Structure formats: C-alpha cells, structure tokens
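A lone chain, given as structure tokens: the form deposited in one PDB entry.
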C-alpha cells in the first residue's frame, strides 16, 4: 500500500513547482525533502503520496487538551505514515513518535536585516528597541520556553509577554517581518533556513552570531511503525553515500541568488 507522507511547504525543503497547476500527485512539488523522499522510497522499496500537513505546523502539544497538532499530530493520530520534513528531533516529540538518526545538523540562529546593531543573543536581550520572536508550535519556541540559562530565559520573559505578538505562523512570515521592519525586528530560526534565506534576493538579511544550540532533523514515524527501522538505516546510508551533502548543495547554494 501507498505510504502517506506528511510534509510542510517550507522552502527549499518542499515547494510547488513553477508549473504545478499542470502537474499531478508528487510531481507538483520539488525541494530537498521531495528528493529525500524519492531516495528513501527507492531504498526501502515503497510507493508514496506526498501530502501537505493540514494546519501548516511542525508540531506542538496543546497544554490544555494535550492534543498534538502539525505533522507530529498527523503521525500520532494515524493520519500519516511518515513525516519527511525539516522536523526537529526533540525530547517531547521522541516521547510520542520515532525519529531516524538526523539527516541534517543545525541550531537556532539569529536573522537580522542587514545593518541592524545586533551580533548575538546577548545583544538582543540587552535592548528593547529591536523586537524579536520565533515560529509558533515548534521546537524553537519550546527551546526558549524551557531554557534556564540566563540570556535565553530573559529573552523568553520578553517574548512570551511581548505585545503585539512577536511570534509568527510560518518561517515566511518571520522573514517578511524582518525585511519590512526597517531593522526593528530580528527573527530566531534554525541556521539551515537562515543560511538559505541569506542566499536569496533581495539579499537583505544575514545570519549573525553562532548557533544557540546543536541538534538535528529526523524522519519521523509513528510509534511501533514497521518502516521505522528501515528508514533509519536508509538515512545513514544516504549520508555516508554523500547524497545528503549533494542535496544540501543543490538546493542551498547552487540555486543561491546572492
């Protein structure tokens, strides 16, 4: 049977092709994860259908209902068989779903509009003229919410109460906000995305400072899935074969416009 793959529209991982309207099924999309999905399906020998997560979220647990949303939720509730996307491996998620060994290593980073007086997280936490936030329902927000280290704790105190909200529904929303904020907004996102955007027109943003942490993205499957073991070994094989590095260069810098 065809494996239902849940993913998210997030460049350069998954994007609709220029001529998607005249295309069908998986042919409508392109990106790092689209290529990854094809490679995995081939090595594990299965047919699949790419589907875009309904609520457009990565995955967080509602504190009140305890119900998971996003791709994590689609896996938890059996709406999808596997998630192939820039989904971060975290403790709370690992408790409800399975992750393969990472196919990409990254960390939380700072995105600024070129020229803003900020070079590090400590710099952001020591000022108020420049607002900053993170994506909603994700691992980055959880990071600051659950951080006991001085700098990040203070940043969270400011962000969780900030009015208007400094949080955004999608990476694209955060990037747009930085660009149109005349430098009065900094966005906290994973280095992978920061580095990608930094290489795209109008080439008006840049990553500053070192990453705040070190983690990875993993292919996720529901607990007790029969694809879990194989997919995990497939990821390792692809990394060692050099495919993952090949794909990283293909979608990040070979297509860079800055």
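By rigid core we mean the largest C-alpha set that fits within 1.5 Å across both forms. Residue numbers count along the first chain shown, from 1.
Form solved in complex with a small molecule: not shown, discussed below.
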*Given that the partner is absent here, state which listed stretch (37 to 45, 22 to 30, 51 to 59, 221 to 229) has heavy atoms within 4.5 Å of the small molecule in the bound PDB entry.*
51 to 59
*State yes or no: in the bound PDB entry, is some non-hydrogen atom of residue 87 no more than 4.5 angstroms from a non-hydrogen atom of the small molecule?*
yes
*State yes or no: in the bound PDB entry, is some non-hydrogen atom of residue 120 no more than 4.5 angstroms from a non-hydrogen atom of the small molecule?*
no
*Using 4.5 Å between non-hydrogen atoms, is residue 192 touching the small molecule in the bound PDB entry?*
yes
*Does the small molecule come within 4.5 Å of any heavy atom of residue 169 in the bound PDB entry?*
yes
_For a quick test of reading the superposition: does residue 180 move by 2 Å or more at the CA between this form and the one not shown, rigid core aligned?_
yes
*asked:* Taking 2 Å as the cut-off, check whether the CA of residue 35 shifts that much or more between this form and the one not shown after a rigid core fit.
replied: no
*After the core is overlaid between this form and the one not shown, has the C-alpha of residue 135 moved by 2 angstroms or more?*
yes
